[PDB]
Structures are given as C-alpha cells and as structure tokens.
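Next up: just one chain, as structure tokens, the form deposited in one PDB entry.
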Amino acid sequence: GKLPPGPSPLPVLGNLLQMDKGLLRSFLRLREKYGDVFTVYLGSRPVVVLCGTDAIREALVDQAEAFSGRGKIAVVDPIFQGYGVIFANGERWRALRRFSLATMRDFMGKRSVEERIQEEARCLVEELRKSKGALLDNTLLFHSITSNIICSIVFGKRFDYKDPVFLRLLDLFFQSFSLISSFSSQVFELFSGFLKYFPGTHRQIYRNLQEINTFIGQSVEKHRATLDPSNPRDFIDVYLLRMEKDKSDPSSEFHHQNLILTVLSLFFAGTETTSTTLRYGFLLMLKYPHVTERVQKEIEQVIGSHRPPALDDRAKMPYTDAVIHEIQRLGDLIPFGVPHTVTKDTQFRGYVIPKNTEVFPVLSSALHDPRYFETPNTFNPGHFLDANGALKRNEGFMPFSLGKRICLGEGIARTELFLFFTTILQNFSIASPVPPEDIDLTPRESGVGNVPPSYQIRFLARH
C-alpha cells in the first residue's frame, strides 16, 4: 500500500520464518526481488531497509532531518533510556551532539586528541617490545588502547596496560559486546516485552553496564570535589560547568543522569569498532606481506625511522592512506548500519513511512558496490589510488555512515587508525604461525558487528 514493498509477513513473527545463517544474505536476496528499498517485519514491527549507495544517500542526505531518528536497541535500553549521543532523540540529541562538538573539537585541557593518540602509540610500542616477539592475541591490547583514548578525553587520564582494576572493568565492558551480539540477545531484541521476566543475557548486560556506571559515577564526584572551573581537564569538567550554568533551566538536559550515560555512550561508540578495525587490518597485513612491505617503505620515505608518526604525515602517504580505507571497506564492521527511525511521516520514492518506523541503512551494500569498487570481495588498495598514485574517494566509501547521525568520532577514529598502524609498523614487522595463503578473512560472527576470526601474531622489533 504505502510502505515499501517486501515479503508477506506472518502475524507475530513477521518475516522471521523466511529469514536466516546470515541476515545480510537475506537482505541481499530480498533486494534481488524487491529492489533497493523494501519492508521487512522483524517481529511484529516493520523495518525499512535501504540497500545500495543511492537509496542510502537519498534517505540520509537528501531527506536528512526526516531520517535523523535513532532506533532503540532493547538489550541495552534499560541501562541507557535514550541518554547519550548514540541513543538520544530530538532536542536532547541535538544539544548533546552540539555540546560534544563544541567540546571534543577543543582539546580544555591544553593537550590535543592527536597528541594523546601519539602518546598511547608510544606506550603501545614499549609494551609490545616487552613481548620479545612471542606469539600473542592482540585483542586485549587493541581494546586497551582505544579505551585509553576515551579515558584520556573523558577522565583526563590513561591506564597502564596491566592495571588489574582497569582490566577487570575492561573485561566486563567488552564481554557486554560479545553478549549483545549473541543469539540470545537477538531473540531478546524481538521478544523483550516477554523475555524481560525470564533469566538471560540481558540480565548480565544490565549488571555489567551498571557496574561500569558505578565507576563512572564515582569519577564524576571526584572531578567535582577537585574541580578548577578556570582549568577544565576533560569532558566531565566541561560538562560539570555546563550543569551549573544551566542550573536555572529545567528544560535543560544537562544533568547528572545524562552525564553518566553519555560518558558510557562514548566508550560504547568509541572503542569496539575501532579496536576491531585494527585487529582486522593486522589480519590483512599478515595475509598480504607485500602490502605491509609497501606501507613500511612509505613510512621510511616520508617519516623515517626515528621521529614518531604525526597526522600531517598522512596527506603525504597516499598508499598507507589507501590501505586504511580498504581495511575499513573490506572489513565492513557495521554491515547493516546502526538502526535509524523517521522523525515524522515521510515521503520517499512514492512510499510513505510513518513516523518512528525503523530504518536500516545497509552500509555493506555501499562498501561492496561494483559501481565504486572494481573488485569488491578482494583486498585491493588500488580501490583508493588514481593513475598518478594519489588518493581518491568516491561515494561508495561510507563506513562511518552519512547525514545528521554520521559518526561523531570519525576524525578521531581515522587518527587512531593512522597513528596506531604506522607507529606499530614503523617499529615492528609481523609474523604468524599460519602462512598467508591459509589465512581466512571470513567473519567468525557476521552479525551487527562482523567479527574477524581470532589469530596469533608476533611483533618483531625492527633494526
């Protein structure tokens, strides 16, 4: 009728009995029948699925405001309750977002995000030197360094990598991601009005997250008791000042609740995905030693062996830059996008999408678009190099998404990827027990997060 066309749904279950192995391949078969915009019933509610670069741009870019709503994730909603950037809607979201930009684009205290990442990179190198070339799983370290960048921005400090209190909270935090992406939580996302009365992963997510909130909560009180309003140290200080100022407005959103959850929001948006992109990139660098060998020769040409890599070096390193883009593209770590909603009844391609309908923008269908990518299932830095060896970007490259919800941390993310990759490869070459030809790139869990398989790697200190 009005909604976009899609397969006919059963009553309670919607189109689930007809869905899968992987949702991505179902969406992909459904696109083959119904085209680039279609309706699927994942449970009783309808979801509009945007496939292809085009549909996604028309929605999120041309009718941006309409498509700037955030879809609820019920597994973590009883913790978040729509606080924090990545979870907020309407005026709360606008204000939280403008404030974060007005804030994190101002690094109150004196040291920049870039300098902090360079410092984390130095600490990483020294720590990896201690391994002496022994086989390791880099999961823990890569979680630790990206957490550390958020800790630095929000709490004004980093943690040592063997800090066992930090590691205990870190284990809890990232276990909450393994759990949110489990079947038991998928089923929960569909039947939460019922299963919330039973035992399950949701009770474990809740407890793990509330335990982290407790420590965030204690850090806020410590910041307040130690505050110098003339020299804010970090995000929390700046936010505490803004609470006072707006103290006389009860339409103001700048309260204690919003602060704990926004902080936990930033860890949640800012760590796992970046960490996993790093872990994926090093899997590709083992798989293709010639690429890693060329990135090293670019590092030596432009940077040298001595001084630390800096962000201005990127513009002079189009090859390494193209390798990073291509790790993000092939890596495809958020394949279905993060769910949106429409904020009003919305006309779109002759269809009507009623307010608050959920919408999935399937970024994967853009990252693999054969219009923009000659060989989409194969690792190829060439995708982002022109005939003169300079970097090119095209409209298929939308790993951070688009429009009003575009990744708030994009520039930080790319700085992390750039400085972590080059400062590591400047100092270490790499070797694994599995030869390149036997290395498998196929995601071990292809859900909302597309996880690379576990592997072991050596970091061999250079010259």
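Rigid core: the largest C-alpha set superposing within 1.5 Å between the two forms. One rule holds for the numbers: they count along the sequence shown, beginning at 1.
Not on display, but discussed next: the form deposited in another entry.
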Next on the checklist: Quick check on the comparison between this form and the one not shown: with the core aligned, only one of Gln118, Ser181, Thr139, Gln296 should show a Cα shift of at least 2 Å. Which one is it?
Outcome noted: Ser181
Checklist entry - Hey, does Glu127 budge by 2 Å or more at the Cα between this form and the one not shown once the core is superposed? => result no
Checklist entry - Cα of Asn208 displaced 2 Å or more between this form and the one not shown, core superposed? => result yes
Next on the checklist: Given a superposition on the rigid core, I'd like a yes or no on whether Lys157 shifts its C-alpha by 2 Å or more between this form and the one not shown.
Outcome noted: yes
Checklist outcome for this item: Shown form as baseline, in the other form, CA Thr276-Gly200 shift of 3 Å or more puts them closer
